[PDB]
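Student: Quick one: the structure is below, questions incoming.
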Amino acid sequence: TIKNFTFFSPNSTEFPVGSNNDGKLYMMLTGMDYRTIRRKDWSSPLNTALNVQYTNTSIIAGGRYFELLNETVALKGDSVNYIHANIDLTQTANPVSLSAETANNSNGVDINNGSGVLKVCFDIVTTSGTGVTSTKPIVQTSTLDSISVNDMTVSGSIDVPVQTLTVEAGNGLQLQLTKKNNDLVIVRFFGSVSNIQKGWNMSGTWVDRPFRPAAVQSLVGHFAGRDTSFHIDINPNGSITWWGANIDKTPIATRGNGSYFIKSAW
Amino acid sequence: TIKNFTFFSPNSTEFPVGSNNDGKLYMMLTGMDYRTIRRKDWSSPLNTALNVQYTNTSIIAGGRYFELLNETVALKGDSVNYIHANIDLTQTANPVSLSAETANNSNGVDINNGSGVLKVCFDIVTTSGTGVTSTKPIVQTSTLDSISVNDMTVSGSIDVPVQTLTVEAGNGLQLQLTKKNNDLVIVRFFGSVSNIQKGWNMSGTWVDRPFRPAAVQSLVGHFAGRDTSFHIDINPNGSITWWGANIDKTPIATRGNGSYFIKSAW
Amino acid sequence: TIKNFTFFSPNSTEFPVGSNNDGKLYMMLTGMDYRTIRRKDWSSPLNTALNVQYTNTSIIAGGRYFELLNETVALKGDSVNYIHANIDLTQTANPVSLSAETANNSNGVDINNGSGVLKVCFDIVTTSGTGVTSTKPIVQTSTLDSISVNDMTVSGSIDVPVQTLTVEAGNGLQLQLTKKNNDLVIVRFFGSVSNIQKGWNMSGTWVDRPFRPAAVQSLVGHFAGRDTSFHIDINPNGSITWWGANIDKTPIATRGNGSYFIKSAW
Amino acid sequence: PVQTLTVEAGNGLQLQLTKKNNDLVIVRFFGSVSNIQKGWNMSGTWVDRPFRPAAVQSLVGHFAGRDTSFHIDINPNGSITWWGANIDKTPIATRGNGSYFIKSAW
Amino acid sequence: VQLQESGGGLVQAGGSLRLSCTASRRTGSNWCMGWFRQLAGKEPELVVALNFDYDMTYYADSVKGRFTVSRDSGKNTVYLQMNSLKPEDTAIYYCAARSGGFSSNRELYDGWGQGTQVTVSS
Amino acid sequence: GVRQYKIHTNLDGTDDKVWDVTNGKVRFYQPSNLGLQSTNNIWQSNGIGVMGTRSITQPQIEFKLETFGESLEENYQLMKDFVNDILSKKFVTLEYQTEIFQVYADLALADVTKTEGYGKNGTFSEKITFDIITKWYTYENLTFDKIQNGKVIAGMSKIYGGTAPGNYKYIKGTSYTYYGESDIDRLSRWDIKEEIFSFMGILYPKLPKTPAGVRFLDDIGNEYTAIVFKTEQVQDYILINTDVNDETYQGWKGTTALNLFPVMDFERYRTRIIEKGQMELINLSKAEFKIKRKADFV
Amino acid sequence: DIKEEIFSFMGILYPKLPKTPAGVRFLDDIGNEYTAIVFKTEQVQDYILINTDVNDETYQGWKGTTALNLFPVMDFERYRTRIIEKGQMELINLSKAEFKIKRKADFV
Amino acid sequence: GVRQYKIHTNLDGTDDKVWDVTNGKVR
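Residue numbers (the numbering used here), protein chains in the order written: chain A, 9 to 274; chain B, 9 to 274; chain C, 9 to 274; chain D, 133 to 238; chain E, 5 to 126; chain F, 1401 to 1698; chain G, -5 to 102; chain H, 427 to 453.
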């Protein structure tokens, strides 16, 4: 069966739009699940003793839009109050109610497909014995798939994938590689090098394919407690070439951070 | 009081949905404020002398949807024309009009909660004495809170938070740290070092908590005008350990860029 | 002419809202074109022999919302089946139908502005000779302009712009600069330096404006096969100053990676 | 009836409170105080509601083996304010009995 | 527990300026009224505070002998007379009030203000 | 963090006595087996297994019973009180709590040992075995309400009617309302996806003479059983408890209780084994259920 | 070409001619028929699904997205056994058949 | 080289959940 909504009803009866159908539509347009909200304080809520008056706040919960117009919720003293919007569709006259609770009791109940009361926390109000000391809103989550954007401004942080690899390069040299967004790599040198000549390939493990650069990368390192330095080349094939001076039998501690890009242009 | 909208009216009269309520709903779904628009040219506007004809353009302003169908706007010659959509809800029969103005006069008026005329600029049309020379649209801003995405392509740029710190590390060493996204740090060395030994902690200020790495970071530096180098370790506790050779009474200028990640794999 | 939709009708006749107008509105709110969908499996589709049963799936195609409730699609055996939603507005009683096709035949037909059948692929179902072997959904694309966000988590990757520049700095030194997001630059040293003194500007090409930093950047380099190092300063004006020791007539190979930020805080 | 409470007030100070008839409280000081300044709120646990007085109570204490003393204020809100001299890194043993009434005239 | 933040603006280095703050009510005993400082995007820190019940002041070592905190009758109003100003002193000065004495912790303060910006010119 | 066991003499009852068999003076250690056995009545036809009906068997739980009295007197008292508290009830309830669950088991004492082989202060170290009645359950509270959709009204309801491609309008105070919901009937139904030991229900009848109760439909939408009553007068509410060991069918009108057994449809009440599918109301405006959920393994 | 032991098989049969029985037959090493799964439906089926697995035994015809139990319409006399011997399987009035055979090894 | 065991909840079904009983958290 296919149930159509955003279509012409030839005889004005074919496709009526039910509130749960619009609920699902709206959830899909904004990219929200049953565990988040859309919320906007058009005017500031007002705190009076152990109460919060929502003067003009709009909320979308489970794709259902409602407005809090001079709606006061009573609070517990000396407590962290979790303010919830509770939707009970069977309460035909008043489906929505607000509650102040001791914990975040958001239940993710699918009210558009099934039975039950949807509870979703949208505000955290901390009190003293006499009134409100602080308020923190619950985050509004947008769950998206693939985004094409021109410009973006981030006020908090971007979390990208991170991969790590330790390479026993040979001759006592160790590399600890950290790759972020599958592109930027920071190499940290460890260990102590001995028995190597300039231009010689190091005697150990080659860099794993996921960390290999598209072009040769020369990474500068330093000898601990000395005024001397070295460099190594991480070749596109994964091999590592020594480009410091010749090192004898006595190991010298190797340290330092070097960065490279795995990906080139295009 | 709670005013419900996306709910079924058992007697077809309980929850009427006003155009202002749908306006606020739409603004919340798309993440727009009163200072931006949603705009789509379904067909290209046509420029004829000092005029722009919107052939088929849809606009959402203050959550209100309207269509410009063969709608011509007269332009000022040898000027930068700011094309505005003006919404006056008191003009019942024709609430929307377009204007070409000498400046961006967008006013952010909340038409869904209060009185007033909303003015919002959506196009910038530059003219010669005879016709249109160029057109630039106003950006459509999506104001979101927390985003969970699979893949993203950026054609312009991502602006992330930046924090800076200058550390008078001791022994004449200065570090200028720039942290971006709260993760990537680039340290720029300055000053001139004297009276320090290998393995010794610098005698000055430790790195502030927000710049401290999760793991020890070895940063290579260079002595200006010399063939010699050094390295310092920024420890997770904020202390800085000297790992160059011992320096005597004569200061040596210290320079160079070193990078590190604050965050490890988590 | 201006056609107003999200507005009251004072005489109950003024602003009728059509299904195509709501379609365009919904497309604009979510940032979708005619070549993508919004799709949610509220319950899992069920595979039986060469058939897929959509148990409870909502789809938005061309801004039109519909539900697949126990809707079965017959499949071709030993084939990759491209499941399409087909919207034909002339079929007034049943405007939506599903098909299983040999290729992705999405046509991007603008059903809200003109005639035609919109075809959009939303699922890929692979079969053996006996039944379903695998299922892969089509990606839901959000096409946005400017995003302002608090926090973002990326599970895949972010693609940012990349620019490259090769600079023949003079005195035999070559810089290969790679800039990402128009901010982070990694400089790779090449060539061989000769006939230069400490503090002297290198005799060649200055760094192009798009790669110039806001503040002087000291980049450490290494002499191949030696224990010696140098540094150069990339000045905000694009000039490059040598800060290694004085070099005579014999060229010394210069290598290494150095990073810098083009942009400072604000 | 008798109720008892041990408060780790912070900075090494420990109060052992005994309440009788739900009114008279005798506070016994224990522990050793360090890293505190005059007028500063102590860094630990606030006094439980059943032991909080209606009005601020200043309780005099003594430093063991010294001729020096201190006082703390148990505030109606449950917080404890240090009113001795500034104390450095070296903790000095704090002792003494102080009494207060929870209830005023009502 | 509402707060008013009168006075504050622009002045030269080595000069003089003032700050005013009035609390709507007092939350209890050991009533402390003062100011938290926030320099160059760093963490906010208490710099000046007055214990009303004890008439005892607290000044951070960095501002000692330069700043003077005063009280106006029984109006529950606090004033900061800032003399011999420095460029480092350019920060956002928020008004803090609490019952229970002086504290480094933000949360422990019953009253938190908007924050008046201090700009010490060079 | 660590697991907790408690013995309830009457779970959810007003006279409940709780023995903390994890932190108390009487403790349980080392359950013999909290696992299970299963049979599919498989027989082999030259190695090829032929499956039959699937059945679970819950084994008995034997625990090490330890007393922590500070004297012989206290330990004797502890043993005597604990055992007789178990022995005084038809069954007892074991609470099994971890960071991931809080479940119950209705148990009947199978055996308890009493010996003389004392440790310090005459402490007991005995063996206690329980027979399983109802192993691993939780209570789930569900409400079913009979809600009807409104009518679709041209000019009021959200629908794209009129001349092609259809429309609705925003009209101050009459604008658009939602006629109802797709599958409004879902709110008056139990969508049965899990196994249940039994249920308790408060049923609210609507009409006088017509039978009133609930019906159960299988996955193919067929009625297999129903608990229904035909009373002479409308009862304010009917109480039903389907528990095999403690069933009840009682109607309430005012302060008068009535046994509904004589008035129950003995033909339609085919089974108490509730299958996956759905429960519908019969001439009820509302129903409130306390379902005893079943979990064979936890 | 049956050369090994099997547990059972599953298949999608595509009938050729209408008004004619369709299925598969099994022949022993000397080319004699010993078993067959053949059907005579009232209506043409798009394909027939068979599964000889004792625990998920299915004989169903598919017409569009509609499934019908074809067991009542099988030639019971020809279906002598489910035990597949070495020899060969031939199609009966089928254009194509797609099998998923459950191969057998008592020891590995 | 070494032998591998896995528990499949639905071999060859799109909803198959695989427990690696050789290298996983349950062995």
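Just so it is clear, CB atoms sit at the ideal spot from N, CA and C, and this is done for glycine as well.
Would you say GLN184(B) lies against chain E (beta-carbon separation less than 8 Å)?
Tutor: no
Student: Could you pull the DSSP bridge partners for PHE269(B) from this structure?
Tutor: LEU192(B)
Student: Give me the Cβ distance between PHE16(C) and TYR1578(F), rounded to the nearest whole Å; I'm assuming they're in contact under 8 Å.
Tutor: With 8 Å as the limit, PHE16(C) and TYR1578(F) do not qualify as a contact, their Cβ atoms being about 18 Å apart.
Student: Within 10 Å of its beta-carbon, does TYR232(D) have 16 or more other beta-carbons around it, so buried, or fewer, so exposed?
Tutor: buried
Student: Would you say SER2(G) and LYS80(G) are within 8 Å of each other, going by their C-beta atoms?
Tutor: In this structure, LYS80(G) does not lie closer than 8 Å to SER2(G) by Cβ.
Student: What are the complete alpha helix (DSSP H) segments, minimum 4 residues, inside the stretch 81 to 126 of chain C?
Tutor: none
Student: If I follow the unbroken beta strand (DSSP E) through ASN254(C), where does it start and stop?
Tutor: It is not in any beta strand (DSSP E) - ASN254(C) carries neither H nor E in the DSSP assignment.
Student: Are the beta-carbon atoms belonging to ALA1687(F) and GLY1601(F) less than 8 Å from one another?
Tutor: yes
Student: Kindly confirm or deny that the stretch 71 to 88 of chain A and the stretch 22 to 33 of chain A touch, where touching means at least three C-beta pairs closer than 8 Å.
Tutor: yes
Student: Exposed or buried, what is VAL5(E) when buried is set at 16 or more other beta-carbons lying within 10 Å of its beta-carbon?
Tutor: buried
Student: Give every residue of the same chain whose Cβ lies closer than 8 Å to the Cβ of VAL157(D), excluding the five residues on either side of it in the sequence, and list them in chain order.
Tutor: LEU149, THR150, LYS151, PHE183, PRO185, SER231, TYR232, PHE233, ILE234
Student: For the stretch 127 to 135 of chain B and the stretch 131 to 146 of chain C, state whether three or more C-beta atom pairs, one from each stretch, are separated by less than 8 Å.
Tutor: no
Student: Taking Cβ positions only, does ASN158(B) come closer than 8 Å to chain C?
Tutor: yes
Student: Go through its chain and collect everything with a Cβ distance to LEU106(A)'s Cβ below 6 Å, but skip five positions before and after it.
Tutor: Answer for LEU106(A): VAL81, listed in chain order.
Student: What do you reckon, are the CB atoms on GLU1680(F) and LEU1617(F) nearer than 8 Å?
Tutor: Their beta carbons are under 8 Å apart, which means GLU1680(F) touches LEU1617(F) by this criterion.
Student: Since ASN1567(F) meets chain C, which of its residues come closer than 7 Å, beta carbon to beta carbon?
Tutor: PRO24, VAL25, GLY26
Student: Quick one, which residues of the stretch 1618 to 1643 of chain F are near chain G if we go by CB-CB under 7 Å, in chain order?
Tutor: Those residues of the stretch 1618 to 1643 of chain F that come within reach of chain G (Cβ to Cβ, closer than 7 Å) do not exist; the list is empty.
Student: Can you tell me which of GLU1595(F), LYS1417(F), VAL1450(F) puts its alpha carbon nearest to the alpha carbon of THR1439(F)?
Tutor: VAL1450(F)
Student: Taking only beta-carbon atoms, is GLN148(B) less than 8 Å away from chain E?
Tutor: no
Student: Taking buried to mean at least 16 other C-beta atoms within 10 Å of its own C-beta, is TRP250(A) buried or exposed?
Tutor: buried
Student: Just to make sure I have the definition right: I need the residues of chain B whose C-beta is within less than 7 Å of the C-beta of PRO103(A). Which are they?
Tutor: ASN12, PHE15
Student: Out of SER51(B), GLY85(B), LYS84(B), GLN225(B), point me to the one whose CA is closest to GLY246(B)'s CA.
Tutor: Comparing Cα-Cα distances from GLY246(B) to each of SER51(B), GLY85(B), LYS84(B), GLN225(B), the minimum goes to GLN225(B).
Student: For the beta strand (DSSP E) containing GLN61(C), name the first residue and the last one.
Tutor: From DSSP, the beta strand (DSSP E) with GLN61(C) extends over 59 to 69.
Student: Use the C-beta contact count for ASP256(C): other C-beta atoms within 10 angstroms, 16 or more gives buried, fewer gives exposed.
Tutor: Taking a 10 Å sphere around the C-beta of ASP256(C), we find fewer than 16 other C-beta atoms and assign the residue as exposed.
Student: Quick one: Cα of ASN143(D) to Cα of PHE198(B), how far?
Tutor: 41 Å
Student: Pick out whichever of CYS129(C), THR21(C), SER123(C), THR100(C) has its Cα sitting closest to the Cα of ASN113(C).
Tutor: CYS129(C)
Student: Can you pull out the residues from the stretch 1544 to 1559 of chain F whose beta carbon lies closer than 7 Å to at least one beta carbon of chain A?
Tutor: For the stretch 1544 to 1559 of chain F, the residues whose beta carbon sits under 7 Å from a beta carbon of chain A are, in order, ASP1545, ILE1547, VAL1552, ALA1554, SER1557, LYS1558, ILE1559.
Student: Any contact between the stretch 50 to 57 of chain A and the stretch 150 to 170 of chain A? By contact I mean 3 or more CB pairs, one from each, below 8 Å.
Tutor: no
Student: Could you have a look at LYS187(B) and say whether DSSP puts it in helix, strand or coil?
Tutor: The answer is strand: DSSP assigns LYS187(B) an E or B state.
Student: First and last residue of the alpha helix (DSSP H) that includes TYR28(G)?
Tutor: Looking at the DSSP string, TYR28(G) is not in any alpha helix (DSSP H); the run it does join, the beta strand (DSSP E), is 27 to 33.
Student: So what's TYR1579(F) in DSSP terms, helix, strand or just coil?
Tutor: coil
Student: So, does the CB of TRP208(A) fall closer than 8 Å to a CB anywhere in chain C?
Tutor: So, not an interface residue.
Student: Just verifying my parser: in three-state terms, what is the DSSP assignment at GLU22(B)?
Tutor: coil
Student: Against chain I, with Cβ distances strictly below 8 Å, would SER200(C) count as a contact?
Tutor: Looking for chain I here will not work: the only protein chains present are A, B, C, D, E, F, G and H.
Student: Starting from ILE1456(F), trace the beta strand (DSSP E) both ways and give me its first and last residue.
Tutor: Element bounds for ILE1456(F): 1455 to 1457.
Student: Output yes if chain A places a C-beta closer than 8 Å to the C-beta of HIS239(B); else output no.
Tutor: yes
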